[PDB]
Amino acid sequence: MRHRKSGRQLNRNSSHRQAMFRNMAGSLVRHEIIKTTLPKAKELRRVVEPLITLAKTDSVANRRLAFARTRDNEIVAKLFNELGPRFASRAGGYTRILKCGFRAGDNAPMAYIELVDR
Amino acid sequence: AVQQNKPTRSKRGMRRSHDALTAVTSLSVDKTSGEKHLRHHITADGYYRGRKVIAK
Amino acid sequence: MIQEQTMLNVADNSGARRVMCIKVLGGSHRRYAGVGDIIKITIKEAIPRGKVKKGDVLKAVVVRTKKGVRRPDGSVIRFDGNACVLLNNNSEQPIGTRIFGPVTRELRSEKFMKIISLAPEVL
Amino acid sequence: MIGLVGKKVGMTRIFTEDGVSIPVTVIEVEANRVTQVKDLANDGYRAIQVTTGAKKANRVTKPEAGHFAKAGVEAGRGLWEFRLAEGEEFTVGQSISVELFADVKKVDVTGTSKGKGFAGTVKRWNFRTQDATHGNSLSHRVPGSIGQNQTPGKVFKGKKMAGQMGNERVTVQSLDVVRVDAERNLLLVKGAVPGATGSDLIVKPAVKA
Amino acid sequence: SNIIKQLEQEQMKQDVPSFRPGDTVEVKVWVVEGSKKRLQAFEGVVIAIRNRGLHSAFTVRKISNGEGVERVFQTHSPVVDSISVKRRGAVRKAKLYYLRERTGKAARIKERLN
Amino acid sequence: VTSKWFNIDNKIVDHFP
RNA sequence: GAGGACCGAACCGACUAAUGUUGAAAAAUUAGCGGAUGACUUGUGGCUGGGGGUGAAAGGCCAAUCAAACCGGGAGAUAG
RNA sequence: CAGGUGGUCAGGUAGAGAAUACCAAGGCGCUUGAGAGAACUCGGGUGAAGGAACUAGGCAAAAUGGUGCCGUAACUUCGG
RNA sequence: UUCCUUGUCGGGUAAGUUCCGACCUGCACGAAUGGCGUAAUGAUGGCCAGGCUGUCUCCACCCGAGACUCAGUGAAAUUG
RNA sequence: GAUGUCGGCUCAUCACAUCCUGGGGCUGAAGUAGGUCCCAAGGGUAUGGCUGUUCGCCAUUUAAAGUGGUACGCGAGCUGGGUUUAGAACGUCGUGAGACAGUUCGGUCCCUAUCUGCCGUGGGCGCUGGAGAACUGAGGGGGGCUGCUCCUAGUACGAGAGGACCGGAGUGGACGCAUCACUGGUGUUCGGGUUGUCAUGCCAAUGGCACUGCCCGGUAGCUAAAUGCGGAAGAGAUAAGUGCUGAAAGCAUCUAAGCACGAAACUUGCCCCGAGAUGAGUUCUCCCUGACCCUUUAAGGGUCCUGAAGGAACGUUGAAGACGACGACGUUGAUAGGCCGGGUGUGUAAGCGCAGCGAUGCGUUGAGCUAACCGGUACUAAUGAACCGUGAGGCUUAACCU
Ligand SMILES: N[C@@H](Cc1c[nH]c2ccccc12)C(=O)O
Ligand SMILES: [K+]
Ligand SMILES: [K+]
Ligand SMILES: [K+]
Ligand SMILES: [K+]
Ligand SMILES: [K+]
Ligand SMILES: [K+]
Ligand SMILES: [K+]
Ligand SMILES: [K+]
Ligand SMILES: [K+]
Ligand SMILES: [K+]
Ligand SMILES: [K+]
Ligand SMILES: [K+]
Ligand SMILES: [K+]
Ligand SMILES: [K+]
Ligand SMILES: [K+]
Ligand SMILES: [K+]
Ligand SMILES: [K+]
Ligand SMILES: [K+]
Ligand SMILES: [K+]
Ligand SMILES: [K+]
Ligand SMILES: [K+]
Ligand SMILES: [K+]
Ligand SMILES: [K+]
Ligand SMILES: [K+]
Ligand SMILES: [K+]
Ligand SMILES: [K+]
Ligand SMILES: [K+]
Ligand SMILES: [K+]
Ligand SMILES: [K+]
Ligand SMILES: [K+]
Ligand SMILES: [K+]
Ligand SMILES: [Mg+2]
Ligand SMILES: [Mg+2]
Ligand SMILES: [Mg+2]
Ligand SMILES: [Mg+2]
Ligand SMILES: [Mg+2]
Ligand SMILES: [Mg+2]
Ligand SMILES: [Mg+2]
Ligand SMILES: [Mg+2]
Ligand SMILES: [Mg+2]
Ligand SMILES: [Mg+2]
Ligand SMILES: [Mg+2]
Ligand SMILES: [Mg+2]
Ligand SMILES: [Mg+2]
Ligand SMILES: [Mg+2]
Ligand SMILES: [Mg+2]
Ligand SMILES: [Mg+2]
Ligand SMILES: [Mg+2]
Ligand SMILES: [Mg+2]
Ligand SMILES: [Mg+2]
Ligand SMILES: [Mg+2]
Ligand SMILES: [Mg+2]
Ligand SMILES: [Mg+2]
Ligand SMILES: [Mg+2]
Ligand SMILES: [Mg+2]
Ligand SMILES: [Mg+2]
Ligand SMILES: [Mg+2]
Ligand SMILES: [Mg+2]
Ligand SMILES: [Mg+2]
Ligand SMILES: [Mg+2]
Ligand SMILES: [Mg+2]
Ligand SMILES: [Mg+2]
Ligand SMILES: [Mg+2]
Ligand SMILES: [Mg+2]
Ligand SMILES: [Mg+2]
Ligand SMILES: [Mg+2]
Ligand SMILES: [Mg+2]
Ligand SMILES: [Mg+2]
Ligand SMILES: [Mg+2]
Ligand SMILES: [Mg+2]
Ligand SMILES: [Mg+2]
Ligand SMILES: [Mg+2]
Ligand SMILES: [Mg+2]
Ligand SMILES: [Mg+2]
Ligand SMILES: [Mg+2]
Ligand SMILES: [Mg+2]
Ligand SMILES: [Mg+2]
Ligand SMILES: [Mg+2]
Ligand SMILES: [Mg+2]
Ligand SMILES: [Mg+2]
Ligand SMILES: [Mg+2]
Ligand SMILES: [Mg+2]
Ligand SMILES: [Mg+2]
Ligand SMILES: [Mg+2]
Ligand SMILES: [Mg+2]
Ligand SMILES: [Mg+2]
Ligand SMILES: [Mg+2]
Ligand SMILES: [Mg+2]
Ligand SMILES: [Mg+2]
Ligand SMILES: [Mg+2]
Ligand SMILES: [Mg+2]
Ligand SMILES: [Mg+2]
Ligand SMILES: [Mg+2]
Ligand SMILES: [Mg+2]
Ligand SMILES: [Mg+2]
Ligand SMILES: [Mg+2]
């Protein structure tokens with residue numbers, strides 16, 4: 001049974017999941033479009049979209065709290081100086097997933113995840 | 001465990017009656033580009049439903 | 001939730017200090033005895049000049065368990081340890097003359113009105 | 001007698017003034033619309049077919065829509081049937097409400113139980129597990145033996161083995177009726193009924209005692 | 001679940017006081033020794049509180065006649081006649097289950113003073 | 001070779017004396 | 001500052017259990033276990049040869065082979 | 001190819017330490033991947049009340065575990 | 001070492017074919033193929049207690065690696 | 001040119017020569033409790049100590065702790081204590097090597113399932129135009145156990161001691177089904193405390209690693225030890241048994257003719273599956289009303305035009321799920337993610353200020369954060385299409401209508 005449970009496990013233990021989405025979240029903020037497997041792009045939306053509503057209100061307390069979840073001051077600065085104001089009026093849904101072909105090496109289904117006003 | 005008699009070439013082909021692949025029924029045609037693609041997938045140069053989503 | 005081999009303290013002053021459960025009476029394949037349930041015990045240690053000697057086989061009635069009793073509205077009463085009162089083997093009447101500690105209202109029955117009266121506190 | 005079709009809303013408790021807590025299930029019984037009546041002449045048995053709920057006009061097919069339009073009834077979640085006793089008559093289009101159970105004391109509730117998936121013989125059939133230790137080799141929750149030697153040299157039909165558990169029709173019998181709430185379309189019964197929240201329940205007065 | 005919520009509100013008491021873990025309370029409950037009702041009081045330390053609407057409950061611990069006793073009360077039950085806070089205790093926790101292994105001077109809770 | 005250790009193990013092999 | 005002393009890593013072993021049993025491995029791995037200045041352990045070289053060697057002794061070991069090694073021959077032994 | 005293989009070199013913070021934990025210099029992620037999140041198997045974590053009732057047998061697990069000081073029986077070959 | 005034999009008696013347990021103490025009717029002990037004791041020692045055999053526990057009453061949930069589906073490569077025993 | 005052994009564990013299944021429960025006859029049957037025989041196989045039918053044990057003795061239960069078959073059921077299901085290899089010793093026998101249904105200590109248990117079987121779950125085709133639903137029920141399976149207390153009643157019975165049948169109510173044990181409101185377990189996806197070390201320039205604040213580092217709490221879900229329900233009543237035909245009327249046989253006689261009772265066994269009644277029930281059933285609704293050519297002339301083949309109802313695919317997914325399947329939804333939209341509000345859990349964040357030599361305490365402050373929950377909201381993704389599916393559906397006979 002798995003009833004009413006949420007969260008992809010992605011064939012990794014918990015600490016390797018926690019650290020892998022922390023890298024992707026930094027990479028999407030910095031490049032504004034990346035290419036991933038479709039299961040890992042749908043699980044990214046629940047990590048990087050809460051980071052953007054956090055950045056909509058600048059304070060020392062929130063910056064120190066976006067830092068505990070990205071561990072990258074070059075990412076925290078972009079969130080609070082560009083992606084905060086840019087999505088100021090949008091209420092949720094800062095990200096768009098687009099399916100593309102299949103990865104050659106192992107036939108994984110691919111997708112492009114980006115920020116909406118890229 | 002292992003077989004006691006050699007299974008024939010009819011029992012082999014009956015088992016493989018479910019092994020066939022299914023072709024894609026149709027390919028959608030892009031609104032502006034006019035090129036085929038899988039439905040719900042971007043085309044081969046980044047058009048999806050008219051607009052150009054991947055300017056690469 | 002008393003079963004065989006469970007060690008119980010003694011709530012009366014029969015002399016015993018620790019007893020072991022060796023059977024849950026009242027049915028075939030019966031697992032557990034709760035508050036108000038008669039059990040067959042054996043005495044594992046006694047005080048030097050009591051009425052009961054170590055090694056005796058007697059009956060007892062459970063009066064406190066730390067699994068607890070559930071009341072009609074959903075409440076629970078749990079204690080810090082399991083306790084029993086020693087009974088005569090045939091008449092099933094108390095052997096001692098005092099009860100220590102609180103008891104509960106699941107003993108309020110025609111058999112154990114002797115115990116209810118003696119208890120310092122009934123919950 | 002006939003029953004109604006409801007919907008498992010949830011479970012809660014009712015406190016009585018004398019300090020007893022009753023676990024109740026809340027069944028939400030809207031109006032059931034009679035959409036077809038069967039008779040011995042045409043069908044060979046007596047029954048009514050009822051519908052309940054609402055459905056979006058987009059998802060009703062042409063054959064389904066034309067069956068409701070004949071009765072003059074607006075579409076519903078599904079269609080169920082109850083067998084009529086002797087002396088009960090119902091007419092097409094009328095509505096049946098939860099006040100039917102006003103003086104009923106006990107009910108029988110049917111629903112589809114929670115789906116457990118492929119389950120083992122320890123969960124499904126209450127088999128005992130074997131030793132955890134003491135030398136056991138890869139056989140901790142496995143079934144054990146499944147038959148005898150050369151006589152009879154086969155496994156008997158109906159042997160208890162692992163397979164699909166749950167997700168199937170179940171009936172619970174002789175449940176009390178703690179309260180009928182006709183103004184809110186509610187029916188509180190005492191205890192637990194099969195299915196998960198939001199499932200469809202069928203409620204009939206108890207056939208037994 | 002507006003349907004369930006409505007059924008819940010009609011049964012809740014409106015006068016439950018505010019307490020938190022560590023406090024000392026009297027709970028007066030109704031007992032029925034045969035055919036006459038009566039109140040008897042339970043004194044102890046609130047060691048746990050469960051906030052669930054009508055399903056709320058709290059656990060009180062006392063030492064009675066040399067035996068420790070825990071009682072879980074359903075807050076909105078009609079059996080609980082009244083709850084009365086006697087002392088306020090300062091704790092850092094939400095559930096004080098470590099008080100099960102402490103007796104005498106080791107199981108002392110300090111007053112809150114505010 | 002010859003083994004198939006369970007064709008050499010003589011608890012398994014020498015089972016009926 | 002003695003000791004076939006003590007506790008304990010490297011090092012040498014192999015008491016228990018689980019895994020593996022067409023293995024990752026023709027004897028291992030994991031977790032614990034014993035000795036650990038000595039009748040210890042290890043590198044390089046040397047000597048003992050088949051009814052023979054060597055053996056704190058188990059018929060143990062002598063190139064994955066041991067109640068008589070391996071290779072070639074007698075030899076196409078003989079086979080109610 | 002989860003085995004075997006002699007010698008030399010020997011940083012920091014805690015530590016008695018070449019143990020153990022995290023790091024430096026330096027070196028690597030072990031040559032199939034992507035999903036899903038059934039029974040069962042393997043390796044682990046937690047568990048109400050009871051506490052060896054399990055079993056051939058407390059097997060296996062759990063528990064104990066350090067430094068300083070106080071205290072320590074029978075028996076003895078006078079060292080334990 | 002004792003077949004008869006679970007000898008009988010005592011102890012320990014609610015209950016003890018094992019254990020400990022005795023008795024002597026030693027099938028079929030016995031004095032360097034040594035007898036009877038023995039402190040310390042033993043990955044030695046038997047038995048009992050305390051602590052501790054998923055060993056068990058009686059299992060439940062969770063974390064990973066397989067098992068399952070997709071793409072790639074691709075065996076084996078066995079067989080009138 | 002191999003059919004693995006005793007006991008244990010797991011899982012059973014049949015017989016009836018019946019252990020309990022059910023029904024009866026006789027009793028050296030007053031009552032309670034028995035003895036013995038007949039009918040009856042629906043369900044039920046102990047836990048421990050000792051021993052390798054099956055057995056047995058013993059302790060304590062139970063309504064009872066049945067007797068057997070199944071390769072003395074079951075090792076391609078587990079074990080490996082015993083017996084039954086190689087080591088060693090004792091007693092005894094032998095000059096000896098050695099031997100012992102004498103004892104004692106130690107001692108490697110393989111298999112990825114082709115076929116039948118069984119448990120689940122799909123694809124194809126059929127059911128005679130196509131499609132969407134609701135049914136009937138041939139048949140098949142599941143279930144079936146019982147204690148104690150009270151009333152009737154200290155009545156019937158008996159000198160007393162003792163103490164009922166029949167009938168009713170209540171409450172339990174064991175077993176099964178469901179469920180998560182409660183009481184709890186879990187909760188490596190939530191909050192906190194804390195040890196060592198490394199890093200973010202440093203302080204403050206945080207992160208990585210140490211089994212989730214070690215711990216303390218805990219949401220949803222799953223779950224039991226939690227809490228609801230169940231076993232029936234009734235009917236039919238009976239077994240053993242008991243009869244009524246009644247001759248053969250002037251009587252008698254349950255039987256020959258005729259009539260009646262009679263049990264947990266049987267057929268129903270309760271619960272689930274079920275039209276591949278090829279004997280392929282019924283009911284309701286919806287859709288299709290175009291030409292032409294050819295031949296070997298018939299349920300024939302072909303061309304153009306047409307493409308319905310519906311379905312599948314694809315996408316967003318689920319209290320559904322190994323994969324299929326099943327359910328919900330696809331802009332005329334709450335399907336999922338985010339977002340907004342709440343709840344819940346943790347337990348008074350950071351920053352700043354004040355008191356203190358400092359650790360630290362206090363105030364702002366029940367603060368900050370909060371997973372799977374509840375109530376909302378088109379912000380993001382669920383596309384205009386394309387695909388499959390046709391174009392009124394055979395012959396004979398009958399009954400009506402033209
Ligand atoms: N079974 C084990 C040990 C073993 C090796 N050779 C054997 C010969 C006979 C018996 C056992 C063995 C293995 O395969 O590794
Ligand atoms: K079950
Ligand atoms: K020295
Ligand atoms: K040397
Ligand atoms: K030789
Ligand atoms: K002898
Ligand atoms: K004795
Ligand atoms: K004794
Ligand atoms: K000696
Ligand atoms: K030894
Ligand atoms: K010893
Ligand atoms: K049998
Ligand atoms: K018979
Ligand atoms: K009988
Ligand atoms: K009789
Ligand atoms: K029977
Ligand atoms: K015997
Ligand atoms: K075996
Ligand atoms: K066996
Ligand atoms: K076989
Ligand atoms: K076959
Ligand atoms: K049956
Ligand atoms: K709870
Ligand atoms: K929970
Ligand atoms: K740290
Ligand atoms: K913990
Ligand atoms: K007569
Ligand atoms: K019955
Ligand atoms: K059909
Ligand atoms: K799976
Ligand atoms: K603060
Ligand atoms: K809060
Ligand atoms: Mg993988
Ligand atoms: Mg870690
Ligand atoms: Mg499910
Ligand atoms: Mg299934
Ligand atoms: Mg093995
Ligand atoms: Mg195992
Ligand atoms: Mg046959
Ligand atoms: Mg030494
Ligand atoms: Mg060592
Ligand atoms: Mg060696
Ligand atoms: Mg070893
Ligand atoms: Mg090792
Ligand atoms: Mg040691
Ligand atoms: Mg050492
Ligand atoms: Mg030396
Ligand atoms: Mg030898
Ligand atoms: Mg060779
Ligand atoms: Mg060799
Ligand atoms: Mg020779
Ligand atoms: Mg010759
Ligand atoms: Mg030859
Ligand atoms: Mg290598
Ligand atoms: Mg080395
Ligand atoms: Mg190291
Ligand atoms: Mg480096
Ligand atoms: Mg798993
Ligand atoms: Mg426990
Ligand atoms: Mg806990
Ligand atoms: Mg505990
Ligand atoms: Mg035992
Ligand atoms: Mg046993
Ligand atoms: Mg051990
Ligand atoms: Mg002593
Ligand atoms: Mg000394
Ligand atoms: Mg004795
Ligand atoms: Mg002796
Ligand atoms: Mg001798
Ligand atoms: Mg001699
Ligand atoms: Mg002599
Ligand atoms: Mg001599
Ligand atoms: Mg001696
Ligand atoms: Mg697979
Ligand atoms: Mg493949
Ligand atoms: Mg061959
Ligand atoms: Mg053969
Ligand atoms: Mg018979
Ligand atoms: Mg034993
Ligand atoms: Mg057999
Ligand atoms: Mg077999
Ligand atoms: Mg063994
Ligand atoms: Mg053995
Ligand atoms: Mg020998
Ligand atoms: Mg022999
Ligand atoms: Mg095996
Ligand atoms: Mg097969
Ligand atoms: Mg039927
Ligand atoms: Mg039937
Ligand atoms: Mg809930
Ligand atoms: Mg809890
Ligand atoms: Mg936890
Ligand atoms: Mg700092
Ligand atoms: Mg690091
Ligand atoms: Mg049909
Ligand atoms: Mg899906
Ligand atoms: Mg709306």
Side-chain angles (χ1 to χ4, degrees), chain A residues 1-7 9 13-14 37 39 45-46 49 60-61 64 68 71 90-93 95-97 105-108, chain B residues 1-3 5-7 18 25-26 28 39-40 49, chain C residues 1 3-6 22-23 26-30 40 42 57 67 70 74 76, chain D residues 11-13 23 36 43-45 49 61-64 66-67 79 81 113-115 117-120 128 130 132-139 141-146 148-151 154-156 159 161-164 167 169-174 191-192 194 196 208-209, chain E residues 1 94-95, chain F residues 6 9-12 14-17:
Chain A
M1 281 79 55
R2 192 271 304 162
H3 297 166
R4 308 290 272 189
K5 291 184 185 182
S6 78
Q9 170 179 337
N13 52 314
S14 180
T37 74
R45 287 173 315 169
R46 323 178 60 228
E49 287 188 359
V60 171
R64 291 188 175 189
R71 300 301 296 185
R90 199 176 285 269
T95 300
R96 150 192 301 127
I97 305 189
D106 53 5
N107 202 63
Chain B
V2 66
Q3 82 206 15
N5 290 102
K6 177 177 174 182
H18 301 291
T25 53
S26 303
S28 313
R39 193 155 193 82
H40 296 105
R49 286 177 63 177
Chain C
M1 184 176 177
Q3 59 191 80
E4 313 204 26
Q5 309 286 307
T6 300
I22 72 185
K23 187 71 60 183
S28 166
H29 274 284
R30 183 168 178 180
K40 181 61 71 79
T42 176
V57 173
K67 195 72 194 302
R70 269 168 67 71
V76 182
Chain D
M11 266 197 92
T12 178
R13 85 207 296 172
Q36 168 155 106
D43 291 331
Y45 68 103
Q49 178 178 197
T61 46
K62 291 279 293 296
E64 275 181 3
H67 180 90
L79 295 160
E81 264 196 29
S113 65
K114 287 195 164 212
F118 199 105
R128 268 95 60 86
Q130 321 188 22
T133 317
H134 284 290
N136 188 358
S137 278
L138 319 175
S139 295
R141 301 167 69 85
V142 301
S145 189
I146 63 172
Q148 306 79 2
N149 214 307
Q150 210 182 126
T151 288
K154 68 169 169 174
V155 180
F156 290 134
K159 182 71 175 65
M161 294 177 71
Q164 165 83 26
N167 190 36
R169 190 175 143 128
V170 170
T171 300
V172 181
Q173 296 208 101
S174 287
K208 282 187 176 196
Chain E
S1 89
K95 315 260 187 289
Chain F
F6 52 88
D9 187 321
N10 60 347
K11 183 62 155 288
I12 278 163
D14 292 356
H15 60 271
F16 186 21

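Because only heavy atoms are used, hydrogens play no part in the values below, and waters and symmetry mates are left out as well, while side chains stay in. Order of the sequence lines sets the chain letters (A, B, ...), proteins ahead of strands, with each chain counted from 1.
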List the residues meeting side-chain contact (heavy atoms from CB on, under 4.5 Å) with D:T12, not counting sequence neighbours, and say none if there are none.
D:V24, D:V26, E:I4, E:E8, E:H55

Can you name the residues that form a salt bridge (charged side-chain N to carboxylate O under 4.0 Å, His left out) with A:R96, not counting sequence neighbours?
A:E114

Using the P atoms only, state how far J:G356 lies from J:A199, rounded to an integer number of Å.
38 Å

Does D:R141 have any side-chain contact (heavy atoms from CB on, under 4.5 Å) partners at least two apart in sequence or in another chain, and if so, which?
D:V122, D:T129

Using the torsion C1'-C2'-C3'-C4', state whether the ribose or deoxyribose of H:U8 falls on the north (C3'-endo) or south (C2'-endo) side.
north

Kindly say whether, by distance alone, the side chain of B:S26 makes a donor-acceptor pair under 3.5 Å with the base of J:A386?
yes

Touch check for D:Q49, heavy atoms < 4.0 angstrom, all strands: base, sugar-phosphate only, or nothing?
sugar-phosphate

Look at A:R45 and J:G338 and indicate whether a side-chain polar atom (N or O) is within less than 4.0 Å of OP1 or OP2.
no

Roughly how far apart, to the nearest Å, are I:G37 and I:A22 at atom P?
11 Å

Considering heavy-atom distances to RNA chain H, does A:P39 or C:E4 have its closest nucleotide positioned more toward the 5' end?
A:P39

Please figure out whether D:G117 or D:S139 has its closest RNA chain H nucleotide nearer the 5' end.
D:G117

With sequence neighbours left out, what residues match C:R30 under side-chain contact (heavy atoms from CB on, under 4.5 Å)?
C:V24, C:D37

Would you kindly check whether a donor in the side chain of F:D14 faces an acceptor in the base of J:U85, or vice versa, at under 3.5 angstrom?
no

Base-pairing mate for H:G79 - Watson-Crick or G-U, with both contacts under 3.5 Å:
none

How is the sugar of J:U188 puckered by the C1'-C2'-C3'-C4' sign, north or south?
south

Taking the side chain of B:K6 as its heavy atoms from C-beta onward, which of H:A49, J:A134, I:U79 lies nearest to it?
I:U79

Two-distance pair test J:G228 J:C177, Watson-Crick or wobble, each under 3.5 Å
yes

Using nucleotides 65-75 of chain I, report all nitrogen or oxygen pairs with the protein that are shorter than 3.5 Å.
| residue | atom | partner | partner atom | Å |
| --- | --- | --- | --- | --- |
| I:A65 | OP1 | A:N11 | O | 3.4 |

At under 4.0 Å between heavy atoms, which parts of nucleotides 120-130 of chain J does protein reach? Answer with one letter per nucleotide, 5' to 3': B base, S sugar-phosphate only, - none.
S-BB-------

If the glycosidic angle is within 90 degrees of 0 it's syn, otherwise anti, so just tell me which one J:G353 is.
anti

Is it true that J:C339 and J:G107 form a pair, Watson-Crick or G-U wobble, with both distances below 3.5 Å?
no

With sugar-phosphate meaning primed atoms plus P, OP1 and OP2, does D:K159 contact a base, only sugar-phosphate, or nothing at under 4.0 Å between heavy atoms?
sugar-phosphate

Please indicate yes or no: do J:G347 and J:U348 satisfy both the under-5.5 Å centre distance and the under-30° plane angle for their six-membered base rings?
no

Partners passing salt bridge (charged side-chain N to carboxylate O under 4.0 Å, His left out) against C:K67 (at least two apart in sequence or in another chain):
none

Given protein heavy atoms under 4.0 Å, the one-letter contact record of nucleotides 59-66 of chain J, with B base, S sugar-phosphate only and - none, is simply -BSS-BB-

Check whether any side-chain N or O of D:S174 sits under 4.0 Å from OP1 or OP2 of J:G230, and answer yes or no.
yes

With sequence neighbours excluded, what pairs up with A:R45 under the side-chain contact (heavy atoms from CB on, under 4.5 Å) test?
A:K42, A:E49, A:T95, A:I97, A:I113

In chain order, what residues pass the salt bridge (charged side-chain N to carboxylate O under 4.0 Å, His left out) check against D:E64, with sequence neighbours excluded?
none

Between C:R30 and J:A46, is there a contact of a side-chain N or O with OP1 or OP2 at under 4.0 Å?
no

Tabulate atom names and distances for all N/O pairs under 3.5 angstrom spanning the protein and nucleotides 219-225 of chain J.
| residue | atom | partner | partner atom | Å |
| --- | --- | --- | --- | --- |
| J:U219 | OP1 | E:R52 | NH2 | 2.5 |
| J:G221 | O2' | A:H3 | O | 2.7 |
| J:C222 | OP1 | A:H3 | ND1 | 3.2 |
| J:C222 | OP1 | D:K114 | NZ | 2.8 |
| J:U223 | OP1 | D:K123 | NZ | 2.5 |

Under the salt bridge (charged side-chain N to carboxylate O under 4.0 Å, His left out) test, residues paired with A:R46 that sit two or more places apart
A:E43

Atom-pair distance (CZ on B:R39; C1' on J:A381), nearest Å
14 Å

Under 3.5 Å for both contacts, Watson-Crick or G-U wobble geometry: does that describe J:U179 with J:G343?
no

Just curious, I:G26 north or south if you read off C1'-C2'-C3'-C4'?
south

Does the side chain of D:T133 get closer than 4.0 angstrom to OP1 or OP2 of H:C59 through an N or O atom?
no

Separation between the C1' atoms of J:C105 and J:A89, rounded to whole Å
9 Å

